[PDB]
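Asker: Below are the structure tokens for one structure; questions will follow.
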Amino acid sequence: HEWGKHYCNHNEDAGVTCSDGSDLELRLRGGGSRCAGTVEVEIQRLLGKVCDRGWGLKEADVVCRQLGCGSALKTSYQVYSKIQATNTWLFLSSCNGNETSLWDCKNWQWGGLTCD
Amino acid sequence: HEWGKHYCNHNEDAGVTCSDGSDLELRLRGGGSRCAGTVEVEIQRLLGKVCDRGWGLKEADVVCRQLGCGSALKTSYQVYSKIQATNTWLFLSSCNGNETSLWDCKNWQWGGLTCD
Amino acid sequence: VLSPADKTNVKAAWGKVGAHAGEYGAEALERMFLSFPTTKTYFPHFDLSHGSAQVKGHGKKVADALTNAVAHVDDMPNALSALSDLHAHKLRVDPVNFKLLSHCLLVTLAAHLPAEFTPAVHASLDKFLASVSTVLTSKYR
Amino acid sequence: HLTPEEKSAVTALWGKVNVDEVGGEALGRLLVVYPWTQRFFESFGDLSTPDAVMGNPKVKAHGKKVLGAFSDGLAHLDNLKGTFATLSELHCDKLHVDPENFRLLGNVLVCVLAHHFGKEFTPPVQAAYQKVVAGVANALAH
Amino acid sequence: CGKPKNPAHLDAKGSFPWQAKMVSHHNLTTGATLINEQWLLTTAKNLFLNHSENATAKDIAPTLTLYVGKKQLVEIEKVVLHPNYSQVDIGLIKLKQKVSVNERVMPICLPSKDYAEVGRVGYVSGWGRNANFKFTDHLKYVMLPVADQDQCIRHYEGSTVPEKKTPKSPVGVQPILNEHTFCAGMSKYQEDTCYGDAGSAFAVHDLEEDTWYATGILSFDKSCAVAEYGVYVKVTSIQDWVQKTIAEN
Ligand code: HEM
Ligand code: HEM
Ligand SMILES: *[C@@H]1O[C@H](CO)[C@@H](O)[C@H](O)[C@H]1NC(C)=O
């Protein structure tokens, strides 16, 4: 539309992350086994978490589908605890559930906001 | 305000009651002692009663402090004797709760309005 | 100002409201009281409990006043002369309350007649209620 | 402040709202009822007639954004003042929207919530909704 | 004369210095205009508040609190009404001490030529009521086009010939209309003055001299967009008495 004459702010600036696809890792940590726990993301040597903004079972099926586990049932744990803490987050809007990898879901954002 | 140009009807006419202060006396009647009954008022040898509107233990406390008794406990009594009828009424505003006489309460009206 | 189309919209809406106007007015009074307690200062001698017949009658009176105003949309100041004098000098109701009440009344309609409360009808009812409020509060002094 | 009953009622009722329609409808109602507010939204093109504003996608998108802000505020009822501080600075510095227009938005928003809920908008929960819209209006003021 | 800091409903941010706020002893807000270092202009109706009109101006003067600039208090010394106040609501007020003219306090000087020509666009700023009938916290300013006098007379009184006049003001109250007045219609977005903006100047920006001139003092603020015209008193018709009063004091 125009240069500068907008009402955005510096807490909602843009950015980009690019990769060839050989270093995108997704996993679960802090649970009974590999197929349960909190979702842990790894990209280009930095590891962070995700944010509940629509984390329904239908959207959650994709994470299980990528790792070879079955479907998604609930959002909790029973066995193990005390996972590491990182101040970086990933945001996902919506996914229809039949895409085999989380990296293919529409408009997945890596970092830039804190979901308080 | 403007002379003659107002909308009050003839049921809202004002009045005044001036006294030396030695001719005002209130009693409790209908109960079992000096300190239980309906609150009867004597102002210039005219009978009367106090309106329930706005009547609470905080005002009853000053009423029973002036008569020489303790703190008020209830807004009722046992009917030891019948009480005669009267026409005038005394309307009481909020009392601060520490003055030593009902006459010291701010803006108390004698007569006029009806306790319907 | 109320444009002729605006008058037609107001007339149609208040025809559609029907006999439920008294109940809607009572509900609006209660809702204004509950939302903003400060507006209860002008009803010290009023039984303001749930289901009270006093506020029901008061709401019926307000609704009848507004219906009379709609019937005389072209000569509103004369229709509300007595009420204007009552609310201006006698009771000295602040202007703010009027707008408050208007909004309350409006929401009540939206709660009960969603189908007819189109944006154009919303604008028309807002303009009419603003005109009534201005007439009643004009001589405030 | 909000009593636990009011908090429960307001959260439960807000759980039943839809993002993509009610906020846009509220914004369109504000544009149509108070014309002087069009000056700020001139960027959105044609706002001359009611059907135009109701039919404008940009209005619906901005309604989505303001409703998202409202949901965030609901999630931060205790700390509304700090929750909207950035938005307060934004509207105070760059736009010069008067503090009353925020309350105007709150009243139209309450109107459309009544419009959608129907009988379910009992006066007790409307009191809480009035309190929250008042809180956000005051927080955004200055 | 006539140099504001910034030439420009919309919240003012450094554009209207001449404006001044007044409150009576019973908490009603009104407006006024700075005319010189020590004199103001206001409507007479803003002086007979909460008391009978039989009282003298000496009784009026100490009961009014006056703010200028950014909530800067000033004290009133004298109040002088126009001898024919029944038909022209001009009223002048004298400050206790002449103000130090600065960016937030600066007068508006008066027309040498009439500007009330139909279609002329002027500015009106005031502390009056808002859409919710609460006094505005921040100063508000609106743009109004001058309107034909005959249409205004028809709107508020029906007919121009005195014998045939009958009251038809849509807001109940009737304004004072005569040769000493002019009227203005609503803005483009249907913005109009409401309670409390009385006394505010109708400012016209003359580009030839790059100067702001106070063309009128609002004398009817009860329109509140319900009536279609607001009523002002022409400064040119009042210039001479203003000059005489200032010179005499
Ligand atoms: C659309 C706006 C309003 C309308 C049409 C309206 C109409 C009326 C009517 C018809 C009456 C009865 C007069 C009579 O019986 O002689 C009345 C009385 C009254 N109104 Fe209003 N009114 C409005 C706004 C308000 C507001 C905003 C308040 C206060 C916040 C208020 C407070 C009162 C009070 C205290 C009375 C006296 C009731 C009594 O003495 O029993 N009114 N009004
Ligand atoms: C009262 C509650 C309000 C909330 C929660 C709110 C929230 C927001 C938010 C989150 C934005 C950011 C949009 C973006 O970055 O693209 C925004 C922008 C904006 N707001 Fe508000 N706002 C409120 C009141 C108002 C009011 C009352 C007005 C005008 C009458 C207004 C006018 C605007 C405008 C013009 C923009 C910029 C739109 C653009 O140029 O793209 N806001 N608001
Ligand atoms: C007031 O009106 C009268 C009417 O006869 C006129 O003689 C007088 O000059 C007027 N005064 C002023 C100050 O305009």
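In order, the residues displayed for chain A correspond to 348-463 in Swiss-Prot numbering, which applies throughout.
The header says electron microscopy, 3.2 Å.
Even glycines carry a Cβ here, placed using N, Cα and C.
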Asker: Taking A:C462 as one end of a disulfide recorded in Swiss-Prot, give the other end from among A:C398, A:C411, A:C416, A:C442.
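Answerer: If we follow Swiss-Prot, the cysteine bonded to A:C462 turns out to be A:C398.
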Asker: Among all protein chains shown, how many Cβ atoms are found within 10 Å of the Cβ of A:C442 (disulfide bond), not counting that one?
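Answerer: Excluding its own Cβ, the number within 10 Å is 20.
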Asker: Can you check which residue among the disulfide-bonded residues A:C452, A:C462 has the largest number of Cβ atoms within 10 Å of its own?
Answerer: A:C452
Asker: Could you state the CA-to-CA distance between A:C398 (disulfide bond) and A:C442 (disulfide bond) to the nearest Å?
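Answerer: About 14 Å separates the two Cα atoms.
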Asker: For A:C462 (disulfide bond) and A:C452 (disulfide bond), what Cα-Cα distance in Å is obtained after rounding to a whole number?
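Answerer: Rounded to a whole number, the Cα-Cα distance is 20 Å.
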